[PDB]
Amino acid sequence: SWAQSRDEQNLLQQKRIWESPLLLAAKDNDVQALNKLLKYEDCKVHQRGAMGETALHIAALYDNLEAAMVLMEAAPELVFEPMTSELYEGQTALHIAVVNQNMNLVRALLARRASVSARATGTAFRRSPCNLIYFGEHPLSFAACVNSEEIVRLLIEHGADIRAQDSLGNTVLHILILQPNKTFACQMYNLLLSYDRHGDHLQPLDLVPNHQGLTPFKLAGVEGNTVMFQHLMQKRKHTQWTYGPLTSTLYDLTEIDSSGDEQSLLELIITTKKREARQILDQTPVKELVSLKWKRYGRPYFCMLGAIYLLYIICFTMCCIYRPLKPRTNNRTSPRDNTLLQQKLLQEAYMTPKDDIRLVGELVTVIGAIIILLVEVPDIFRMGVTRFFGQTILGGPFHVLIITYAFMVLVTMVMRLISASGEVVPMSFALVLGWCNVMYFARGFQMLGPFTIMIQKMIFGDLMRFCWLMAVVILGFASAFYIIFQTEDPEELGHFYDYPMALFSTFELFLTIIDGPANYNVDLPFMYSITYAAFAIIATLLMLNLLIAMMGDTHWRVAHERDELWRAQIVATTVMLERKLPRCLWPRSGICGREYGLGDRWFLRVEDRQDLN
Amino acid sequence: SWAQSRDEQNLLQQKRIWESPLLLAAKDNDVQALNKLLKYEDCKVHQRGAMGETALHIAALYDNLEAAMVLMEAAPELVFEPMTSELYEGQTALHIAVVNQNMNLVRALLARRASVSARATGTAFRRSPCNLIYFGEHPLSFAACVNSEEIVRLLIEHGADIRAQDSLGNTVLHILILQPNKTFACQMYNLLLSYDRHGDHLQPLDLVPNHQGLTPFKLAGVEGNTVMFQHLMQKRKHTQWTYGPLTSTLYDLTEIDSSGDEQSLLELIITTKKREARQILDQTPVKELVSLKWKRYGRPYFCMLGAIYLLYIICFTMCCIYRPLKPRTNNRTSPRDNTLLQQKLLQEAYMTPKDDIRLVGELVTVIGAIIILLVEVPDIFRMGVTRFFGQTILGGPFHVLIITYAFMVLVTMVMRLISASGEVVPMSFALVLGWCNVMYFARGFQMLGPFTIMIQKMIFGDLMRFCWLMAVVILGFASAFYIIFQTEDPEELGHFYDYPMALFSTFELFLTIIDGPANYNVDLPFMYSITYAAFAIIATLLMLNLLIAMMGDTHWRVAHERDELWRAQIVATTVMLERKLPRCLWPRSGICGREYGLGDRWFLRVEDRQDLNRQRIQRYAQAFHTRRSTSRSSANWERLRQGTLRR
Amino acid sequence: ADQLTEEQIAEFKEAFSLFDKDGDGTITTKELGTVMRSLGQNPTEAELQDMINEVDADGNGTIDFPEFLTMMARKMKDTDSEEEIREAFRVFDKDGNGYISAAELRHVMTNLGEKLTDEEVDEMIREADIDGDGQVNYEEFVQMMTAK
Ligand SMILES: [Ca+2]
Ligand SMILES: [Ca+2]
Ligand SMILES: [Ca+2]
Ligand SMILES: [Ca+2]
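Residue numbers (the UniProt record's numbering), protein chains in the order written: chain A, 68 to 680; chain B, 68 to 694, 726 to 745; chain C, 2 to 149.
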């Protein structure tokens with residue numbers, strides 16, 4: 068019901084034109100009608116429209132020059148007047164002549180000393196999926212987007228500064244990155260730097276952060292404006308000597324390393340949600356860097372780190388398979404042979420030399436559990452809650468498993484202090500999830516780990532929507548078998564002796580695991596065989612084989628979109644490992660400066676073999 | 068047999084030409100022969116052809132100008148003579164010269180006061196898959212389809228009205244939509260509307276229905292002539308202001324809503340059989356509409372509807388698993404332990420406070436089942452039987468499951484009142500079909516259910532044709548096993564003690580389910596090992612794995628023509644939900660009019676952002692102006739080239 | 002416009018629709034004026050009637066599509082006249098709109114096979130498209146046919 072009111076405003080506009088005698092004449096080039104109406108009678112021209120119009124706004128918006136010039140004689144003050152409220156706030160008619168790319172009207176408007184710094188703060192101008200455009204606020208910025216050069220050149224020469232900011236703090240430079248037409252907006256970025264002839268004490272216009280603190284270089288990284296990102300690097304690279312087909316260039320490396328607090332490119336690349344921004348890692352001053360940070364100094368710690376964790380889970384299992392057990396206590400098998408269990412868990416007996424060893428190993432799990440949680444205390448206290456799940460699916464979607472591994476060990480640590488009975492169930496989940504967590508290290512050892520990328524990509528999506536179609540075909544047929552074997556003696560055919568297990572029975576048939584029931588000695592009821600034949604032709608001949616082909620086709624739509632996932636994930640492994648590990652080891656990468664008298668910036672060189680035979 | 072009698076009459080024509088001295092001299096322009104034969108002798112020129120020709124018809128049909136001009140002097144009246152019978156009835160020679168796209172004989176024929184109002188009511192002119200054309204009836208309509216402008220224009224200047232109708236009631240406009248050359252016939256549609264200068268007070272020619280009540284606007288929607296549908300949309304949109312690169316028009320939205328009784332577009336789209344008619348839902352005023360009908364007001368009533376169905380089935384299963392049961396009555400297991408069963412179903416035992424709860428829910432399932440039939444009383448009584456199948460396959464192919472669910476509930480309501488024995492056999496069918504019928508809601512709840520289209524699409528066709536070649540290989544081999552273990556004692560290997568179970572036994576070996584018969588303690592006969600390995604090598608190594616690959620290839624021939632079936636099925640779900648649901652909720656879509664001084668028509672506006680396309684607009688302006727994987731992709735163009743080129 | 006081909010109508014009709022800003026079917030001085038001076042320059046509003054009355058066949062002050070079409074008949078397309086690319090376009094174009102699309106070219110290649118990926122089809126169209134609408138003209142298609 069929200070945007071419904073927007074249209075209802077907009078139809079209400081046109082009706083005012085169809086009922087005002089002035090404005091309908093202003094909609095057309097009605098020279099004679101506006102001649103006799105204005106100069107003769109005594110009626111005001113301050114008739115605001117449905118969204119706060121003037122006569123001059125409509126004639127501008129319906130691109131009509133000659134009727135607007137006649138209005139200038141009657142209007143000394145309609146030029147300064149803005150539009151009123153709630154969608155188009157503050158927008159004077161100087162804007163509309165700009166958006167229509169000329170009318171030879173800004174000539175006449177600046178002849179009438181039009182203000183060049185009115186700020187269009189209306190609702191239909193904020194950056195949002197609701198509006199179809201984002202042009203900023205100031206009228207100098209508007210001509211930048213429609214790419215009209217001499218209209219821009221005209222606007223500087225009447226004193227419009229190039230350093231205004233919107234509510235978002237974004238400059239007129241920042242608007243050009245967000246535009247959809249890329250190469251046709253490239254020259255404006257050249258031309259606007261050309262009119263920065265005042266070398267300012269503050270910064271030369273290219274270093275202004277917004278309200279979220281972003282230079283227009285880095286903002287190109289987030290939105291993935293690749294062709295523009297190729298162009299902005301061109302100023303920074305400082306070429307050295309050329310030798311035939313060789314060229315040893317030198318890239319700048321200041322605003323893309325992990326040194327500062329701003330995180331500067333790399334954490335901002337992986338924390339995007341946009342898909343196209345991962346394309347930036349193919350570009351040549353960046354692609355070279357992560358190969359250096361991984362093949363040196365990143366790989367061997369990560370392989371050494373996984374080896375320590377691999378001994379952790381082993382030392383957990385060796386203090387898992389030895390538990391304090393005893394014979395069954397005084398209670399005999401009081402249910403008639405449906406109750407077979409025999410040991411029940413010693414109470415407070417450690418008095419052996421052997422359990423002295425186990426108490427050491429049992430503590431090794433406990434201290435290791437606490438270290439994990441102390442890592443994840445500050446993390447959820449800083450990265451919100453939903454923000455953490457924005458981090459999650461890309462390169463850390465385990466990150467509750469390592470938490471819940473630490474959770475269950477603290478559960479079973481309490482469970483033996485109070486020394487209660489049902490202690491096997493926390494021991495179960497911690498044992499499986501401990502081994503499942505070591506698949507996190509599959510990124511290394513070579514590129515024989517995009518399986519764990521793909522097996523994430525497929526356990527969500529494909530298998531997830533397939534289970535609901537399982538979950539009801541399994542539900543009727545299992546409910547049907549329980550009725551048809553209600554009559555029978557379950558001494559033969561113990562599949563279906565009560566309604567809970569007949570579900571779990573049917574789930575075993577549905578994946579063709581349990582053997583399929585038969586007796587061959589008792590006449591089983593006839594409605595079984597008609598029903599069960601109808602089960603198999605659905606279960607293991609239609610539904611399950613459909614799952615393979617649906618698995619098959621979805622595997623090669625994502626072949627090319629597999630290898631970019633891996634090389635994306637290595638960076639997220641890298642930068643997190645840099646961030647949580649202190650220095651005095653694996654130094655700030657690239658060659659230092661200012662010992663060579665070059666500057667406090669640090670650099671790296673890259674050679675290449677050229678072309679043009 | 069019918070096509071030969073058409074063909075035999077055609078060869079019967081030519082013999083009449085090869086025997087007549089006149090018409091053979093009329094097939095050629097043998098003016099020396101034509102002059103002497105006519106003026107000298109005393110023979111009429113009323114020599115009828117085998118399909119009832121005249122000699123004047125032949126010169127037009129073999130496009131021969133100078134012969135028929137001589138015929139005008141001898142024959143003042145044969146222009147007025149139509150053709151005779153059963154294929155070309157009433158076809159005058161004015162038609163035939165028009166079909167040859169000119170002869171400049173229309174000059175001469177209209178100089179002989181030829182009627183433009185003759186009607187070709189013949190057999191081979193009616194719309195049919197037997198014929199290869201459809202030109203309509205009137206000579207104005209014949210000039211319409213060959214696209215000859217000055218030939219059209221000449222005919223208006225002789226009193227030819229444009230409002231003729233065929234036996235279908237189609238105007239000349241409706242003929243143009245059905246012509247297969249689409250954009251080359253788009254131009255004629257503007258040309259004829261210019262000759263509607265007399266605005267008649269009935270309707271200005273663009274509103275006239277046919278005998279099945281169809282505007283020419285709607286008719287393109289039925290046949291999927293999108294380009295013509297694109298063009299007729301242009302006269303209905305009404306643009307407002309433009310703002311730089313932005314544009315805000317205002318679409319008409321009158322004949323595309325479910326307001327009137329005419330049903331007006333959308334029921335007529337989904338009720339067709341043609342595949343290419345589903346394409347219209349991509350076009351711009353329609354795709355935007357049904358999204359607004361779905362995301363607002365369409366989805367949330369649909370999901371809230373299905374959850375009531377979910378509590379219905381759950382309430383059925385609770386009054387399914389609790390049945391009145393006694394222990395087995397006085398008859399002991401009289402067959403020798405081949406008869407194990409133990410309860411036999413309490414007769415009239417309700418006298419418990421517990422079963423009154425069961426009495427509650429068992430009624431509710433009966434109450435709801437009546438309501439299902441009450442919805443489906445008028446549907447079967449109006450929409451034929453095969454007509455119901457036309458509704459079925461596209462968007463509603465369940466629709467009998469929910470009928471048969473209503474049977475079996477009423478069977479078990481009967482079956483406990485008489486209280487006969489066999490009450491389990493409806494309770495099976497009334498249970499599995501109930502849970503399967505919730506898969507109707509897989510369209511909704513997200514786009515995570517287009518499977519239910521593909522699992523429809525594949526359970527017919529692929530699995531269906533695979534079932535027979537199962538059903539014979541199994542039918543021999545099951546019959547084979549019964550012969551070889553006929554001799555044996557079934558106390559060991561009790562698979563095959565009798566024939567009808569041996570088929571069911573063999574059916575589990577075919578799908579790799581049962582264990583595979585072996586004993587390892589008692590020697591089984593020496594024909595078993597030869598037969599069984601030969602069975603295994605076909606059934607679970609050749610035949611069954613052939614199914615997966617045959618299922619493999621058919622997944623991605625229909626990767627594209629699956630996703631639009633899903634988006635089509637929402638629209639069909641939407642309208643059916645609208646029709647059987649009253650108003651005073653989810654109002655008639657779009658924005659109402661005539662408060663704004665526009666009229667009773669209702670509208671919606673659409674904003675869109677164009678592009679500039681600077682390199683194309685230079686060359687049109689100068690026409691005004693006065694005095726990567728590139729090598730991979732180009733190899734596919736080469737693969738497009740080499741496969742097409744001549745070969 | 003003595004003889005033309007379907008494509009030549011269809012593409013010029015797309016031109017006429019793009020050029021007609023208000024969709025009234027006509028072209029006036031106000032309409033031709035703005036879009037011409039949208040492209041950088043500016044005619045001095047006297048060339049505009051001199052543009053129209055040069056070509057307005059009936060002098061009604063408007064340019065309808067037939068007058069627009071016979072103007073482009075004098076600004077006639079070049080001597081690219083063939084027969085097989087004509088036939089190749091009919092087999093490709095299902096609906097016959099004159100613009101072979103993305104999913105259509107996916108469809109025809111699918112019946113030949115070779116399993117084109119969705120990105121691989123986008124690499125085909127974007128290089129073949131000269132003016133940049135993501136759709137291939139008849140004129141654009143022959144330039145991929147003849148030579149590279
Ligand atoms: Ca126009
Ligand atoms: Ca004209
Ligand atoms: Ca097409
Ligand atoms: Ca193109």
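C-beta atoms are modelled at their ideal positions from N, C-alpha and C, and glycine is treated no differently.
Listing by chain order, which chain B residues have their CB less than 9 Å from the CB of residue i?
i	result
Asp96(C)	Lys249, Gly291, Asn292, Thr293, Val294, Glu343 and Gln346
Strictly under 8 Å for the Cβ-Cβ distance: is residue i near chain C by that measure?
i	result
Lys304(B)	yes
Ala585(B)	no
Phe691(B)	yes
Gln330(B)	no
Which residues mark the beginning and the end of the alpha helix (DSSP H) in which residue i is found?
i	result
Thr293(B)	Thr293 to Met300
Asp630(B)	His627 to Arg646
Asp675(B)	That residue, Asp675(B), is in no alpha helix (DSSP H); its beta strand (DSSP E) goes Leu671 to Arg676.
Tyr472(B)	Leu468 to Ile485
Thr384(B)	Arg366 to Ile388
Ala117(B)	Here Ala117(B) belongs to no alpha helix (DSSP H), and DSSP marks it neither H nor E.
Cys503(A)	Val491 to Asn504
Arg342(B)	Note, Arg342(B): premise wrong, no alpha helix (DSSP H); not H, not E.
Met617(A)	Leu611 to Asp620
When burial is assigned at 16 or more other CB atoms within 10 Å of the CB, is residue i buried or exposed?
i	result
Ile375(A)	exposed
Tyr663(A)	exposed
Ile550(A)	buried
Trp85(B)	exposed
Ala600(B)	exposed
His268(A)	exposed
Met514(B)	exposed
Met170(A)	buried
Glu8(C)	buried
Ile485(A)	exposed
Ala92(A)	buried
Once the 5 residues before and after residue i are set aside, which same chain residues still bring their CB inside 6 Å of it?
i	result
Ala509(A)	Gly516 and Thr519
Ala181(B)	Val146 and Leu161
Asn77(B)	none
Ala635(A)	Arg345
residue 41(A)	Residue 41(A) lies beyond the stretch modelled for chain A, which goes from 68 to 680, so this question has no answer here.
How would you write the range of the beta strand (DSSP E) that residue i sits in, first residue to last?
i	result
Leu317(A)	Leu313 to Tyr318
Would you say residue i reaches chain A, if we count a Cβ-Cβ gap shorter than 8 Å as a contact?
i	result
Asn43(C)	yes
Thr35(C)	yes
Going along chain A in order, which residues have a C-beta closer than 8 Å to the C-beta of residue i?
i	result
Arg38(C)	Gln168 and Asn169
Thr118(C)	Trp623, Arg624, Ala626 and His627
Flag residue i as yes if its beta-carbon sits less than 8 Å from any beta-carbon of chain B, otherwise no.
i	result
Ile10(C)	yes
Can you list, in chain order, the residues of its chain with a C-beta nearer than 8 Å to that of residue i? Leave out the 5 residues immediately preceding and following it.
i	result
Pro464(A)	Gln523
What does residue i touch in chain A if you count any residue whose Cβ is under 9 Å from its own?
i	result
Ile388(B)	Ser546, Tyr549, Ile550, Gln553 and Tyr566
For a contact meaning CB atoms closer than 7 Å, what does residue i contact in chain A?
i	result
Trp308(B)	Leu128 and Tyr129
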